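Chemist: 1 is the number of the first residue of the sequence shown in the deposited numbering; add one for each residue after it.
Backbone N, C-alpha and C fix where the C-beta goes; we use that ideal spot for every residue, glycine too.
I have a structure here, written as structure tokens, and I will follow up with some questions on it.
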Amino acid sequence: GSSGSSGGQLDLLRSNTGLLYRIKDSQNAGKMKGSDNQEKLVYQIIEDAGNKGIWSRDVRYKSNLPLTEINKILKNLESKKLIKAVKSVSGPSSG
């Protein structure tokens, strides 16, 4: 009774994810300023990531907000000094 059957074929294409984001601390954060809900919905997704962090593309999908919005939100929390942005050194493997 062997399971076996693992994998088959893989055809990936060269693509880019973007930038990574993360929340700052887990206590000093709960005042906000600008967006109330539109922002609270973002900080929630970024916070859930913890150390793994969430890409601007991912947090955008779960947030269901357009770049025009996320662009302001991601920048909002930043100025508030509530979150911490993290830039990747090398997204793809083939360097």
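If you compare alpha carbons, which of 80, 15, 22, 20 is closest to residue 92?
Modeler: Selected option, being the one with the closest Cα: 15.
Chemist: List in chain order: all unbroken alpha helix (DSSP H) runs of 4+ residues lying wholly within the segment 10-87.
Modeler: The qualifying runs are 37-49, 56-63, 67-80.
Chemist: Rank 67, 77, 53 by C-alpha distance to the C-alpha of residue 35 and give the top, closest one.
Modeler: Comparing Cα positions, the closest option is 77.
Chemist: Between residue 53 and the rest of its own chain, which residues show a CB-CB distance below 7 angstroms, the 5 nearest in sequence each way excluded?
Modeler: Counting only Cβ-Cβ distances below 7 angstroms, and skipping sequence neighbours, we find 20, 21, 22, 86.
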